[PDB]
Amino acid sequence: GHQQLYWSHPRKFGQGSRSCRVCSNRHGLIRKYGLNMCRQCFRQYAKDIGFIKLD
Amino acid sequence: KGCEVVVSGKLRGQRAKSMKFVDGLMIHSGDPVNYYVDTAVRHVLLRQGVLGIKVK
Amino acid sequence: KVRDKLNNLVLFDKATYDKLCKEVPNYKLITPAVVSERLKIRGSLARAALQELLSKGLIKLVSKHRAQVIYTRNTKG
Amino acid sequence: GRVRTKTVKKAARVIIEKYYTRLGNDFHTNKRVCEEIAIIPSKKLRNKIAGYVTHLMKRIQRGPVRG
Amino acid sequence: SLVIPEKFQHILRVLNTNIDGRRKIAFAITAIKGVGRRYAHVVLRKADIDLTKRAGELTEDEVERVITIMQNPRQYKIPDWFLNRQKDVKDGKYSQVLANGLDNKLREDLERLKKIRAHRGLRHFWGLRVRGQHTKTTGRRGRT
Amino acid sequence: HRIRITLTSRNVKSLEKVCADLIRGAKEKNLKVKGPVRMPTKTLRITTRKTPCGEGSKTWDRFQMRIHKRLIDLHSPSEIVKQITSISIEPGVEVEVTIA
Amino acid sequence: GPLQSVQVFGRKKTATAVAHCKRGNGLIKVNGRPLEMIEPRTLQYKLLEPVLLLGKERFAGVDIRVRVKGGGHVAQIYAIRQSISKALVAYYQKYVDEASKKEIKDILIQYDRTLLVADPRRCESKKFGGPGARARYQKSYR
Amino acid sequence: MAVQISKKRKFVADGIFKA
Amino acid sequence: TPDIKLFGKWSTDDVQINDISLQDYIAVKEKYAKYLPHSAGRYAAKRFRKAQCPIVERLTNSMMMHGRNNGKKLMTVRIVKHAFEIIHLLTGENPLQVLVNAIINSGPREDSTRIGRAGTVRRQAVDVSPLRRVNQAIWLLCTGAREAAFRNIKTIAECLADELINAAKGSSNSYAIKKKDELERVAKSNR
Amino acid sequence: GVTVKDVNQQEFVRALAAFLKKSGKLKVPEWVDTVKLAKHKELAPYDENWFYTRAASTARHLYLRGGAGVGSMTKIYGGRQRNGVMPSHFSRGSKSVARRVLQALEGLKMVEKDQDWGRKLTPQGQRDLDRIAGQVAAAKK
RNA sequence: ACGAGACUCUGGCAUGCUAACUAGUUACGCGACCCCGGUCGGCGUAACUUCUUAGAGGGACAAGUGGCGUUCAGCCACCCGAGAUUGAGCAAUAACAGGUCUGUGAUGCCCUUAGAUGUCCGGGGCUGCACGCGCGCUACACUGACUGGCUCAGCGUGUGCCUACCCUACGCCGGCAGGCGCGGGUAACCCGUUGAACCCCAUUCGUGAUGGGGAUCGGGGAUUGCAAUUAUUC
């Protein structure tokens, strides 16, 4: 029963159901407004998104 | 009328060093830095290590 | 440095009632705090006695509040 | 502390050098003069130019200046 | 009225405990182990006794009615969710315990856990915390 | 035919340029044009730490986006206002057409 | 017939109190409620201050109808107290002789500057590393 | 079409498309 | 008709200041006379702008201390008004005169300064500025009423009332007069 | 000419409580003695007949704003939630007592149902509220 | 020449300008209650930007007056005045053996690679306690605690790609935690006029480890999830 017990674990909810869409890590995710990455990747690619640190 | 290039990494030795070559004018503070200079950073992979490029 | 733990009576005995009726309408400022201090009774008991004396008409009202009330004697003239 | 910088004093000196015949003692009139003749990217800088020009006109009206 | 009444009972001997008579009847009955502030208002609302009197001037028939409400609270229309001991593992009855059934039933439940050897019983036997909280930083009055 | 056009963008100066040009075009086309309704702008504030690891003075960024939305109302048929709206659109300005 | 109407506002922190001066009898109502009927009642004399300094005969020709929203309680009291005085000053300036406006304005600024000029004080922005705009978290050594 | 994301998410998606 | 700025129900006129050194620092007479002890603000901005504040407002502002009472201006105002009620009904004297005479009588007029290194006990006698006289007088009255009204059956409207009249007659049964004259004794002990 | 908007509410609510006790046709709930008014409350009210007072305050708030339902009544009577060691928060009221208040105020002819949401005062109920407001004004006068 | 300054954002005002059925005001009609006049965030529509929204421009500069100063840079007080020191952002050369290889398909070298240091499933652990230390929360009460009534905001966010998981008015049931058919919003329209708390008023309490304080612990009932026991939460 390798096929039916290989990934029968439900990852429907929880932290590991989502991941970073830049580098695929599961720590420090930003889910607000659907960015779906960690803080470092947003800080590195924040200029081309259009977010400016005016304040 | 102003430029600045910075390199850092393995420059003929074990311990990394940083060489700076500045000629011209260079604004460092205020919003003219946001719209008078262009900053690009790249990584160069050599055989003995990784080398960094910073051009303004 | 004497402690003297106060044990206030919950209701009036004989001497407290006429002591109040002869001395409390002969004082300048009447509040339940000073009535409880002078007559060694409870705070709410002093409030009930002062409400009874207000209904009797021997005490005039000055100001009412949820914290404390102010009472004074009648004019002797 | 309100101490003017060297660019304000240099610009005020050269604008009172090359232009004197259209200046006065009112701060608003030579403020508009400095707005019309000199291209200045801001308003506070032009305002400080106008104030220092007014002060320099008031001292030139009394006596000569070495700058 | 505000004068002390005759046979004003000072110390009330109810259910082999000591009860002061100088306290309010909604609060002087709360000194009995097993009964608290919230359930005291319901008892003096089922019985026709006002809340504006002290405990020291009440007499035998009203305190006897209150003791009947203590011992048998179910058929005086007290709601079933208001009780402290519900759905028993021994017999399955709704009851209110007043310090004797309370103390011996808590003791019997603790020895039941210690006999059944559940980890709640082992933690009660060792003298630790059972609700699952951190012991590393607190509980410094455990032992010397 | 009552028509509503929305001028939503990120930069504000090109937004003022295209809204002034659209209002001027509706003025010269002899059309009843309403004034530019300025909606309250929305600020995009998310804050994060500076350093990638966990050491240092606890310092944070304040990244900001401002999106401005404008409304122009007209009373006109469909094809002429399609011809007007499909002229000189900026890459940073998004226009969307709705009909009542 | 013509209508005499001026519409004057006033602020303390964020509360906006907009008055309405129309010709009529002597009555002041804020949010439909009279001046003696606004919580808290401790500042009843603070509410009744401008009509008491300017007299009841000066207010006898103008109906006052103020609505207010924003701010807290004391800010709303100060806003409506500012708005009543500023509305009477602007009404006399618009219609009545200017000299009586000057005489009321002199005694109004002589009592307190708050009754005509708004106070420029707002809450400063909170910063990181501290619970407020100025305070910081407690520092530990060793 | 049945998704209709809000106005903030559209600009976020466009900027991340550009990135 | 503004015939007189009646402080609720007390008249701000016919009040006598006895000391001439505190004449321009206590403002209760004919200019800074309000209906309430609560004004707007901008009074602690510059250096000496707090000398123009009404003295009852300064007492109300210094009434609130110890964490749980900060910002509660209405509650301190009604304590002040009730305290004025007991002061008027207790002596037959105008309550503003009792406030003025207590601050003059409870003001420490000579001070000792800590001088030297940290730990050494050396004091040098200096005199107290008239503004600081009023300042420590108000602070002493407030802390005396505060520590009188703590774990006691007597309310703060009465504890504040007994504290000023004992400072007004100089009976030295109050706490402000106690620290005032031990401070004068310490300043006198080494000059 | 005197209305509800120029009547002091503190005497008004107890006068309405006396009037609703005198009327006595409100079909009060059976569990009025054993109930807690909100989950942020700690004891029962000391007033044994608070139902008339709560219905009076509900009628006053329905005059002040219309279209309110059971959910708007829970927001009005909310307060601080003291969970002891926990920092305090804001907690709303209980839904069933507001439901019972509005069924009592509908069963007595004072309130009919507003269209599509909430409830609103009958003009006869407005007459009753204004008449007792004038009564309180005449008593104070 | 860099740095400071200069520059940008926000607050503080302008009854002047441009504009608004996704914001209102003022008038008019209808409707409801009362004693001839008051209230309506009730209904509907003739002007307007006084409130609100946000665009361009203006305004404060040591500008004036009186002093001090070599009478030069500047300083002090006052009048008219919304402000005569608002807060933040950016922030130079030089280096630290400062931290991050556990942010990355950024990375050199070394180790390991089928009885695996890759990967997956099931269970456990990161929470385990003689004790010490740091950041914090609640209190030690009567400037208070409980119970009723009165009454006032601003930043925000909201149906997501694999990705399923949104915010909620309204009706009934139940003490309550909660449950079902019903409507709106992909958003200045719906929650919402965000009936927030502290405060205000009126009872109860009376110096008593007390009606302060709610730790520890027993029994019962709901929600989330495949799963709660070392109590998820209520």
# chains A, B, ... in the order shown; residues from 1 in each chain; ligands from 1
$ interface_residues --of "chain K" --to "chain C" --cutoff "12 Å" --atoms "only C-alpha atoms (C1' of nucleotides)" --output "VMD selection string"
chain K and resid 142 to 144 200 to 208
$ residues_around --residues "residue 47 (chain G)" --least-positions-apart "4" --cutoff "10 Å" --atoms "only C-alpha atoms (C1' of nucleotides)" --output "VMD selection string"
chain G and resid 35 to 38 41 to 43 51 to 52 77 to 78 80 to 82 84
$ select_by_dssp --residues "chain E" --states "strand (DSSP E)" --output "number ranges by chain"
E: 11-14, 17-20
$ write_last_selection --atoms "C-alpha atoms" --output "compact mmCIF listing (two decimals), in the first residue's frame"
# COMPACT_ATOMS: atom_id res chain seq x y z
CA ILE E 11 -23.33 33.46 65.77
CA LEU E 12 -25.33 31.18 63.48
CA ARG E 13 -24.55 27.46 63.79
CA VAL E 14 -25.65 26.03 60.43
CA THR E 17 -19.84 25.48 60.46
CA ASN E 18 -19.49 29.01 61.81
CA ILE E 19 -21.55 31.79 60.19
CA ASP E 20 -21.43 35.46 61.15
$ interface_residues --of "chain I" --to "chain K" --cutoff "12 Å" --atoms "only C-alpha atoms (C1' of nucleotides)" --output "MDAnalysis selection string"
chainID I and resid 45:46 60 63:80 142 145:147 149:157 159:160
$ write_last_selection --atoms "C-alpha atoms" --output "compact mmCIF listing (two decimals), in the first residue's frame"
# COMPACT_ATOMS: atom_id res chain seq x y z
CA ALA I 45 4.86 75.61 27.00
CA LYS I 46 7.26 78.45 27.84
CA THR I 60 -6.71 70.36 40.30
CA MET I 63 -4.48 66.47 42.51
CA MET I 64 -4.10 63.47 40.17
CA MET I 65 -1.17 61.11 40.88
CA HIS I 66 -0.24 57.44 41.37
CA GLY I 67 -1.05 55.73 38.11
CA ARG I 68 -4.76 54.95 38.33
CA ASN I 69 -5.82 58.62 38.53
CA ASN I 70 -3.94 60.24 35.63
CA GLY I 71 -6.14 62.08 33.14
CA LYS I 72 -9.31 61.96 35.27
CA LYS I 73 -9.86 65.72 35.29
CA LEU I 74 -13.63 65.61 35.88
CA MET I 75 -13.22 63.48 39.01
CA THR I 76 -10.59 65.83 40.47
CA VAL I 77 -12.79 68.84 39.60
CA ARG I 78 -15.73 67.40 41.52
CA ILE I 79 -13.40 66.60 44.46
CA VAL I 80 -12.33 70.27 44.37
CA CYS I 142 -1.88 67.29 47.46
CA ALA I 145 -4.56 64.89 51.32
CA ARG I 146 -3.52 61.83 49.29
CA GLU I 147 -1.85 60.02 52.19
CA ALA I 149 -7.22 59.50 52.11
CA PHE I 150 -5.65 56.05 51.93
CA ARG I 151 -7.10 52.89 53.54
CA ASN I 152 -9.45 55.08 55.58
CA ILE I 153 -13.21 55.40 55.90
CA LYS I 154 -12.98 59.19 55.46
CA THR I 155 -13.50 60.33 51.87
CA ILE I 156 -11.08 62.46 49.87
CA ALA I 157 -13.62 65.31 49.76
CA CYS I 159 -9.56 64.56 53.77
CA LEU I 160 -8.73 67.43 51.41
$ interface_residues --of "chain G" --to "chain I" --cutoff "8 Å" --atoms "only C-alpha atoms" --output "MDAnalysis selection string"
chainID G and resid 42:43 45:46 52:56 114
$ select_by_dssp --residues "chain C" --states "helix (DSSP H, G or I)" --output "PyMOL selection string"
chain C and resi 14-26+32-39+43-56
$ residues_around --residues "residue 163 (chain I)" --least-positions-apart "3" --cutoff "10 Å" --atoms "only C-alpha atoms (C1' of nucleotides)" --output "VMD selection string"
chain I and resid 102 141 to 142 144 to 146 148 158 to 160 166 to 168 173 to 177
$ write_last_selection --atoms "N, CA, C and O atoms" --output "tab-separated table (two decimals), in the first residue's frame"
chain	number	residue	atom	x	y	z
I	102	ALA	N	-3.39	79.15	53.13
I	102	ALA	CA	-2.71	77.89	53.39
I	102	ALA	C	-1.42	77.78	52.59
I	102	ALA	O	-0.42	77.27	53.10
I	141	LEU	N	0.33	70.03	49.80
I	141	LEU	CA	-1.09	69.93	50.10
I	141	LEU	C	-1.70	68.69	49.45
I	141	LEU	O	-2.46	67.95	50.09
I	142	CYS	N	-1.34	68.44	48.18
I	142	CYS	CA	-1.88	67.29	47.46
I	142	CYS	C	-1.41	65.97	48.05
I	142	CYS	O	-2.21	65.05	48.21
I	144	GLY	N	-0.38	65.48	51.16
I	144	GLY	CA	-0.97	65.34	52.47
I	144	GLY	C	-2.40	64.83	52.41
I	144	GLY	O	-2.77	63.91	53.15
I	145	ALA	N	-3.20	65.39	51.50
I	145	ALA	CA	-4.56	64.89	51.32
I	145	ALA	C	-4.57	63.47	50.75
I	145	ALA	O	-5.44	62.66	51.10
I	146	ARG	N	-3.59	63.15	49.90
I	146	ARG	CA	-3.52	61.83	49.29
I	146	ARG	C	-3.18	60.75	50.31
I	146	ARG	O	-3.82	59.69	50.33
I	148	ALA	N	-3.59	61.14	53.53
I	148	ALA	CA	-4.69	61.09	54.49
I	148	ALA	C	-5.81	60.19	53.99
I	148	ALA	O	-6.36	59.37	54.74
I	158	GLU	N	-13.45	65.05	52.18
I	158	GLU	CA	-13.26	65.50	53.55
I	158	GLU	C	-11.79	65.52	53.96
I	158	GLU	O	-11.39	66.42	54.71
I	159	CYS	N	-10.99	64.57	53.47
I	159	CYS	CA	-9.56	64.56	53.77
I	159	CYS	C	-8.84	65.76	53.16
I	159	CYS	O	-7.90	66.29	53.77
I	160	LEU	N	-9.26	66.19	51.97
I	160	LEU	CA	-8.73	67.43	51.41
I	160	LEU	C	-9.23	68.64	52.19
I	160	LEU	O	-8.52	69.64	52.29
I	166	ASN	N	-6.09	73.13	58.46
I	166	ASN	CA	-4.97	72.95	59.38
I	166	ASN	C	-3.72	73.65	58.87
I	166	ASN	O	-2.87	74.05	59.68
I	167	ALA	N	-3.59	73.81	57.56
I	167	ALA	CA	-2.52	74.62	57.00
I	167	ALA	C	-2.85	76.11	57.03
I	167	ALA	O	-1.94	76.94	57.02
I	168	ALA	N	-4.14	76.46	57.06
I	168	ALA	CA	-4.53	77.87	57.07
I	168	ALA	C	-4.28	78.51	58.43
I	168	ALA	O	-3.81	79.65	58.50
I	173	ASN	N	-0.92	70.25	62.66
I	173	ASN	CA	-1.48	68.91	62.66
I	173	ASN	C	-1.63	68.36	61.26
I	173	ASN	O	-2.07	67.22	61.09
I	174	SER	N	-1.27	69.15	60.25
I	174	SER	CA	-1.29	68.72	58.86
I	174	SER	C	0.11	68.29	58.44
I	174	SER	O	1.10	68.56	59.13
I	175	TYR	N	0.16	67.62	57.30
I	175	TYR	CA	1.38	66.94	56.86
I	175	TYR	C	2.26	67.88	56.04
I	175	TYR	O	3.50	67.77	56.07
I	176	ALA	N	1.63	68.83	55.33
I	176	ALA	CA	2.36	69.84	54.57
I	176	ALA	C	3.16	70.75	55.49
I	176	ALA	O	4.33	71.05	55.22
I	177	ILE	N	2.55	71.19	56.60
I	177	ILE	CA	3.24	72.03	57.58
I	177	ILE	C	4.36	71.24	58.25
I	177	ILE	O	5.43	71.79	58.56
$ atom_distance --atom1 "CA of residue 17 (chain J)" --atom2 "CA of residue 41 (chain E)"
22.6 Å
$ atom_distance --atom1 "CA of residue 120 (chain E)" --atom2 "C1' of residue 227 (chain K)"
20.8 Å
$ residues_around --residues "region 40-52 of chain B" --least-positions-apart "5" --cutoff "10 Å" --atoms "only C-alpha atoms (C1' of nucleotides)" --output "list in words"
residues 6, 7, 8, 9, 10, 11, 12, 13, 14, 16 and 18 of chain B; 106, 107, 108 and 109 of chain K
$ write_last_selection --atoms "C-alpha atoms (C1' of nucleotides)" --output "PDB file, in the first residue's frame"
ATOM      1  CA  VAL B   6      32.561  48.715  -5.750  1.00  0.00           C
ATOM      2  CA  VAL B   7      34.009  45.190  -5.805  1.00  0.00           C
ATOM      3  CA  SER B   8      34.319  42.834  -2.838  1.00  0.00           C
ATOM      4  CA  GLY B   9      35.379  39.222  -2.464  1.00  0.00           C
ATOM      5  CA  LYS B  10      38.464  37.102  -3.084  1.00  0.00           C
ATOM      6  CA  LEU B  11      41.133  39.433  -4.462  1.00  0.00           C
ATOM      7  CA  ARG B  12      44.363  37.360  -4.527  1.00  0.00           C
ATOM      8  CA  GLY B  13      44.221  35.768  -1.099  1.00  0.00           C
ATOM      9  CA  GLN B  14      42.176  33.874   1.461  1.00  0.00           C
ATOM     10  CA  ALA B  16      38.219  38.862   1.371  1.00  0.00           C
ATOM     11  CA  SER B  18      36.947  45.417  -0.870  1.00  0.00           C
TER      12      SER B  18
ATOM     13  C1'   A K 106      23.358  33.194  -4.238  1.00  0.00           C
ATOM     14  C1'   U K 107      27.703  30.353  -2.992  1.00  0.00           C
ATOM     15  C1'   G K 108      33.797  27.766  -2.666  1.00  0.00           C
ATOM     16  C1'   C K 109      35.644  23.622   0.169  1.00  0.00           C
TER      17        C K 109
END
$ residues_around --residues "residue 142 (chain E)" --least-positions-apart "3" --cutoff "9 Å" --atoms "only C-alpha atoms (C1' of nucleotides)" --output "PyMOL selection string"
chain E and resi 127-128+139
$ atom_distance --atom1 "CA of residue 57 (chain E)" --atom2 "CA of residue 50 (chain J)"
28.1 Å
$ residues_around --residues "region 123-137 of chain G" --least-positions-apart "5" --cutoff "8 Å" --atoms "only C-alpha atoms (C1' of nucleotides)" --output "PDB file with N, CA and C atoms (P, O5', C5', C4', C3', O3' and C1' of nucleotides), in the first residue's frame"
ATOM      1  N   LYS F  58      15.757  46.695  17.044  1.00  0.00           N
ATOM      2  CA  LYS F  58      14.489  46.324  16.421  1.00  0.00           C
ATOM      3  C   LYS F  58      14.002  47.503  15.591  1.00  0.00           C
ATOM      4  N   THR F  59      14.437  47.536  14.335  1.00  0.00           N
ATOM      5  CA  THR F  59      14.109  48.604  13.405  1.00  0.00           C
ATOM      6  C   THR F  59      13.245  48.058  12.275  1.00  0.00           C
ATOM      7  N   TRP F  60      12.317  48.890  11.806  1.00  0.00           N
ATOM      8  CA  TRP F  60      11.282  48.453  10.882  1.00  0.00           C
ATOM      9  C   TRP F  60      11.189  49.425   9.714  1.00  0.00           C
TER      10      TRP F  60
ATOM     11  P     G K  87       9.840  67.912  16.806  1.00  0.00           P
ATOM     12  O5'   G K  87       9.363  66.547  16.135  1.00  0.00           O
ATOM     13  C5'   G K  87       8.730  65.539  16.909  1.00  0.00           C
ATOM     14  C4'   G K  87       8.043  64.509  16.046  1.00  0.00           C
ATOM     15  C3'   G K  87       8.928  63.710  15.106  1.00  0.00           C
ATOM     16  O3'   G K  87       9.640  62.666  15.742  1.00  0.00           O
ATOM     17  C1'   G K  87       7.036  64.456  13.929  1.00  0.00           C
TER      18        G K  87
END
$ closest_atom_pairs --of "chain A" --to "chain H" --cutoff "12 Å" --atoms "only C-alpha atoms" --output "JSON lines"
{"residue": "A:21", "atom": "CA", "partner": "H:16", "partner_atom": "CA", "distance": 10.9}
{"residue": "A:22", "atom": "CA", "partner": "H:16", "partner_atom": "CA", "distance": 10.6}
{"residue": "A:31", "atom": "CA", "partner": "H:9", "partner_atom": "CA", "distance": 11.9}
{"residue": "A:32", "atom": "CA", "partner": "H:9", "partner_atom": "CA", "distance": 9.9}
{"residue": "A:33", "atom": "CA", "partner": "H:9", "partner_atom": "CA", "distance": 6.1}
{"residue": "A:34", "atom": "CA", "partner": "H:9", "partner_atom": "CA", "distance": 7.0}
{"residue": "A:35", "atom": "CA", "partner": "H:12", "partner_atom": "CA", "distance": 7.5}
{"residue": "A:36", "atom": "CA", "partner": "H:16", "partner_atom": "CA", "distance": 11.0}
{"residue": "A:37", "atom": "CA", "partner": "H:16", "partner_atom": "CA", "distance": 11.4}
{"residue": "A:41", "atom": "CA", "partner": "H:19", "partner_atom": "CA", "distance": 11.4}
{"residue": "A:42", "atom": "CA", "partner": "H:16", "partner_atom": "CA", "distance": 10.1}
{"residue": "A:44", "atom": "CA", "partner": "H:19", "partner_atom": "CA", "distance": 10.7}
{"residue": "A:45", "atom": "CA", "partner": "H:19", "partner_atom": "CA", "distance": 7.1}
{"residue": "A:46", "atom": "CA", "partner": "H:19", "partner_atom": "CA", "distance": 8.9}
{"residue": "A:47", "atom": "CA", "partner": "H:19", "partner_atom": "CA", "distance": 8.8}
{"residue": "A:48", "atom": "CA", "partner": "H:19", "partner_atom": "CA", "distance": 5.6}
{"residue": "A:49", "atom": "CA", "partner": "H:15", "partner_atom": "CA", "distance": 4.1}
{"residue": "A:50", "atom": "CA", "partner": "H:15", "partner_atom": "CA", "distance": 6.6}
{"residue": "A:51", "atom": "CA", "partner": "H:15", "partner_atom": "CA", "distance": 9.3}
$ write_last_selection --atoms "N, CA and C atoms" --output "JSON list (two decimals), in the first residue's frame"
[["chain", "number", "residue", "atom", "x", "y", "z"],
["A", 21, "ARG", "N", 6.30, 31.77, -2.43],
["A", 21, "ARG", "CA", 6.25, 31.62, -3.87],
["A", 21, "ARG", "C", 7.49, 32.17, -4.57],
["A", 22, "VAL", "N", 8.45, 32.71, -3.84],
["A", 22, "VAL", "CA", 9.76, 33.08, -4.39],
["A", 22, "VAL", "C", 10.78, 31.97, -4.19],
["A", 31, "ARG", "N", 1.04, 36.93, 4.30],
["A", 31, "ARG", "CA", -0.16, 36.52, 3.58],
["A", 31, "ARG", "C", -1.06, 37.70, 3.26],
["A", 32, "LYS", "N", -0.73, 38.89, 3.78],
["A", 32, "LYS", "CA", -1.57, 40.07, 3.61],
["A", 32, "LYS", "C", -1.56, 40.55, 2.16],
["A", 33, "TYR", "N", -2.76, 40.78, 1.62],
["A", 33, "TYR", "CA", -3.05, 41.15, 0.23],
["A", 33, "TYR", "C", -2.53, 40.13, -0.79],
["A", 34, "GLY", "N", -2.31, 38.89, -0.37],
["A", 34, "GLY", "CA", -1.90, 37.84, -1.28],
["A", 34, "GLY", "C", -0.51, 37.98, -1.89],
["A", 35, "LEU", "N", 0.46, 38.48, -1.12],
["A", 35, "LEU", "CA", 1.84, 38.45, -1.58],
["A", 35, "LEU", "C", 2.39, 37.03, -1.55],
["A", 36, "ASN", "N", 2.19, 36.32, -0.43],
["A", 36, "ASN", "CA", 2.57, 34.92, -0.23],
["A", 36, "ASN", "C", 4.07, 34.69, -0.42],
["A", 37, "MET", "N", 4.86, 35.39, 0.39],
["A", 37, "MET", "CA", 6.28, 35.12, 0.51],
["A", 37, "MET", "C", 6.75, 35.46, 1.91],
["A", 41, "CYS", "N", 12.32, 38.14, 0.82],
["A", 41, "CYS", "CA", 12.06, 38.21, -0.61],
["A", 41, "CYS", "C", 11.24, 39.44, -0.97],
["A", 42, "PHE", "N", 10.28, 39.81, -0.11],
["A", 42, "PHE", "CA", 9.53, 41.05, -0.33],
["A", 42, "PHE", "C", 10.43, 42.27, -0.19],
["A", 44, "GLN", "N", 13.61, 42.32, -0.84],
["A", 44, "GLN", "CA", 14.54, 42.33, -1.97],
["A", 44, "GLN", "C", 13.84, 42.75, -3.26],
["A", 45, "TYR", "N", 12.59, 42.34, -3.46],
["A", 45, "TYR", "CA", 11.85, 42.64, -4.69],
["A", 45, "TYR", "C", 10.78, 43.71, -4.49],
["A", 46, "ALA", "N", 10.90, 44.53, -3.45],
["A", 46, "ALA", "CA", 9.85, 45.49, -3.13],
["A", 46, "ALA", "C", 9.80, 46.69, -4.06],
["A", 47, "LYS", "N", 10.89, 46.98, -4.77],
["A", 47, "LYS", "CA", 10.93, 48.17, -5.61],
["A", 47, "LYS", "C", 10.15, 48.00, -6.90],
["A", 48, "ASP", "N", 10.19, 46.81, -7.50],
["A", 48, "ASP", "CA", 9.47, 46.58, -8.75],
["A", 48, "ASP", "C", 7.99, 46.35, -8.53],
["A", 49, "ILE", "N", 7.59, 45.97, -7.32],
["A", 49, "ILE", "CA", 6.17, 45.92, -6.98],
["A", 49, "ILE", "C", 5.58, 47.32, -6.95],
["A", 50, "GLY", "N", 6.32, 48.26, -6.36],
["A", 50, "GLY", "CA", 5.90, 49.65, -6.32],
["A", 50, "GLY", "C", 5.82, 50.19, -4.91],
["A", 51, "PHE", "N", 6.10, 49.34, -3.93],
["A", 51, "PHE", "CA", 6.10, 49.75, -2.53],
["A", 51, "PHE", "C", 7.34, 50.60, -2.27]]
$ closest_atom_pairs --of "chain C" --to "chain E" --cutoff "6 Å" --atoms "only C-alpha atoms" --output "tab-separated table"
residue	atom	partner	partner_atom	distance
C:10	CA	E:22	CA	6.0
C:11	CA	E:4	CA	5.8
C:12	CA	E:3	CA	4.9
C:13	CA	E:4	CA	6.0
$ residues_around --residues "region 26-40 of chain F" --least-positions-apart "6" --cutoff "12 Å" --atoms "only C-alpha atoms (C1' of nucleotides)" --output "PyMOL selection string"
(chain F and resi 2-8+12+15-16+18-20+66-77+80-81+83-85) or (chain K and resi 18-20+22-23+52-55+188)
$ closest_atom_pairs --of "chain A" --to "chain F" --cutoff "7 Å" --atoms "only C-alpha atoms" --output "CSV"
residue,atom,partner,partner_atom,distance
A:39,CA,F:48,CA,6.7
A:40,CA,F:52,CA,6.0
A:50,CA,F:65,CA,6.9
A:51,CA,F:64,CA,5.4
A:52,CA,F:63,CA,5.1
A:53,CA,F:63,CA,4.1
A:54,CA,F:64,CA,6.3
A:55,CA,F:62,CA,5.3
$ write_last_selection --atoms "N, CA and C atoms" --output "compact mmCIF listing (two decimals), in the first residue's frame"
# COMPACT_ATOMS: atom_id res chain seq x y z
N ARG A 39 9.55 37.60 4.43
CA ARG A 39 9.86 39.02 4.53
C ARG A 39 11.09 39.42 3.71
N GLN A 40 12.06 38.51 3.58
CA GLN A 40 13.32 38.85 2.92
C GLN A 40 13.13 39.01 1.42
N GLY A 50 6.32 48.26 -6.36
CA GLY A 50 5.90 49.65 -6.32
C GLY A 50 5.82 50.19 -4.91
N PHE A 51 6.10 49.34 -3.93
CA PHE A 51 6.10 49.75 -2.53
C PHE A 51 7.34 50.60 -2.27
N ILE A 52 7.14 51.84 -1.84
CA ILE A 52 8.23 52.74 -1.50
C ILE A 52 8.17 53.02 -0.01
N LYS A 53 9.35 53.19 0.61
CA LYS A 53 9.45 53.36 2.06
C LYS A 53 9.47 54.86 2.38
N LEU A 54 8.39 55.52 1.96
CA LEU A 54 8.26 56.97 2.12
C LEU A 54 8.04 57.36 3.58
N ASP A 55 7.29 56.55 4.32
CA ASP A 55 7.05 56.82 5.74
C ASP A 55 8.15 56.21 6.61
$ closest_residue --among "E:70, E:116, E:98, E:89" --to "chain K" --atoms "only C-alpha atoms (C1' of nucleotides)"
E:89
$ closest_residue --among "K:97, K:60, K:150, K:177" --to "chain D" --atoms "only C-alpha atoms (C1' of nucleotides)"
K:60
$ decode --residues "region 13-24 of chain D" --atoms "C-alpha atoms" --output "mmCIF file, in the first residue's frame"
data_model
loop_
_atom_site.group_PDB
_atom_site.id
_atom_site.type_symbol
_atom_site.label_atom_id
_atom_site.label_comp_id
_atom_site.auth_asym_id
_atom_site.auth_seq_id
_atom_site.Cartn_x
_atom_site.Cartn_y
_atom_site.Cartn_z
ATOM 1 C CA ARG D 13 25.126 88.248 -3.248
ATOM 2 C CA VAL D 14 25.118 87.526 -6.979
ATOM 3 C CA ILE D 15 21.424 88.410 -7.420
ATOM 4 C CA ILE D 16 21.988 91.717 -5.627
ATOM 5 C CA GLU D 17 25.119 92.118 -7.771
ATOM 6 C CA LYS D 18 23.659 91.683 -11.251
ATOM 7 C CA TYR D 19 20.214 93.107 -10.380
ATOM 8 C CA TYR D 20 19.884 96.263 -8.287
ATOM 9 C CA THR D 21 17.673 98.636 -10.284
ATOM 10 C CA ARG D 22 14.488 96.574 -9.700
ATOM 11 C CA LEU D 23 14.808 95.924 -5.952
ATOM 12 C CA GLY D 24 13.157 97.486 -2.932
#
